[PDB]
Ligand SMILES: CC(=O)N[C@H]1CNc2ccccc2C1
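Presented as structure tokens, the chain that follows is alone, the form deposited without this ligand.
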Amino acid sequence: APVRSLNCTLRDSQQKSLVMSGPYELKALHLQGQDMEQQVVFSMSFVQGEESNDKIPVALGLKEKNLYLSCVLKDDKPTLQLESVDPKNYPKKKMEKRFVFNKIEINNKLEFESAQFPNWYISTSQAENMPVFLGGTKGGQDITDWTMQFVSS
């Protein structure tokens, strides 16, 4: 396989899980029990890029769907979005920059920094059922730390 990938789920530091909002939006909320099945399963691909022992470039797509998280300027500000791609050309080792995130291992958690926009991270709100977004601040009110769970694939 050209590019290596692994399936996983993500949960923020407040233990909120991720679910599909509209066709192109992700939302975070406290889930438990049977509702767990509703959570989004990602296909994390290890792509080409600046690498380090604690910083690894990845692309995040939805498992079995030609939809990838992307970072673009929307209304003069870095913005997170789900982008549709040609199902025949993805995933690939050399992903366009907007699809690339630097997976950073901290204390015992993970942070996902946009390779395109330095110091902007995939974040969630403290509030229930709000969209997952790209935030440019750490240590504030918004959550930027995550944990990852591997799935049977």
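So that there is no doubt, residue numbering starts at 1 and follows the sequence shown.
If you look for the form solved in complex with this ligand, you will not find it shown, but the lines that follow are about it.
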TODO: Label the site open or blocked after overlaying this ligand from its pose in the deposited bound form onto the shown form by the C-alphas around the site (blocked when 3+ ligand atoms sit within 2.4 Å of backbone or C-beta).
DONE: open
Task: Listed residue (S84, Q38, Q126, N119) with a non-hydrogen atom within 4.5 angstroms of this ligand in the deposited bound form - done: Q38
Open item on the list: Is it the case that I143, even though its partner is missing from this view, gets within 4.5 Å of this ligand in the deposited bound form, heavy atoms only?
Closed with: no
Task: Partner contact for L62 in the deposited bound form: this ligand, 4.5 angstroms, heavy atom - done: yes
